[PDB]
Structure formats: C-alpha cells, structure tokens
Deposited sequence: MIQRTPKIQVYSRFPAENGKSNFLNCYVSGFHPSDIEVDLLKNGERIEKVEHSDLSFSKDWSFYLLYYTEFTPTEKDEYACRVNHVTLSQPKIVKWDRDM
C-alpha cells in the first residue's frame, strides 16, 4: 500500500491587480491513493465556475489542476481546500497575493 500527501500550490497567472482579470490556480499533485476533495473558496464560498484537468496518474503520483478566471479586489480572500486520507484534517491553502 502507498499513501502520499498532496502537494498544493495556489497561484495566480499574473501578479494581482485589483479590478484586473486574472486566473487562479490550485495544483494538487504527488498524492496517493486518488481519493481526494478539492475546492476553491472565495470569502468562504465554493467557487462555482471552475475548470479542471482530468484526474491523471504519473509513475512519479496522482495530479489535478483546478482553476478559474477571476478579478480580485482589495478585500476578497481566496483559498484552495484539499482533503485526503494523509491529512489529519482538510488543509486550506490561502492565495498569497
């Protein structure tokens, strides 16, 4: 049996500018088994208009890229939440502007 913790990067396509359109990305990789939950949150609310890659597998583990087009503002908070068996509790990774 193999258990591997998701590695998570949360990043915008470009440096943020309030009122300027951009992409927000949550890349989750290196995990096993494939059981996982991934959501993007804006101000504590699941983001509805999201795209992602088809769940896939690399001998060196599982990976998903999950993203959305967005326009940030001064006060909006974004995060990617990941749950996986290797985590003691679901992990919230904030977008650091």
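Student: Missing C-alpha coordinates: which residue stretches of the deposited sequence does that apply to?
Tutor: Unobserved in coordinates, per deposited numbering: 61, 99-100.
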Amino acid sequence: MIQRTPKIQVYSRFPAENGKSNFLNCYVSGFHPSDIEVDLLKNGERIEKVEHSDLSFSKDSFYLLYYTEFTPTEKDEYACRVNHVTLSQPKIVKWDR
From here on, numbers count along this sequence of modelled residues.
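Student: Tell me which of 36-44 and 68-76 has the higher mean C-alpha B-factor in the deposited entry.
Tutor: Looking at the record's C-alpha B-factors, the answer is 68-76.
Student: Mean C-alpha B-factor higher for 4-12, or for 86-94?
Tutor: Between 86-94 and 4-12, it is 86-94 that shows the higher mean C-alpha B-factor.
Student: Taking the entry's C-alpha B-factors for this chain, is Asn25 in the lowest, middle or highest third?
Tutor: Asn25: CA B-factor falls in the lowest third of its chain.
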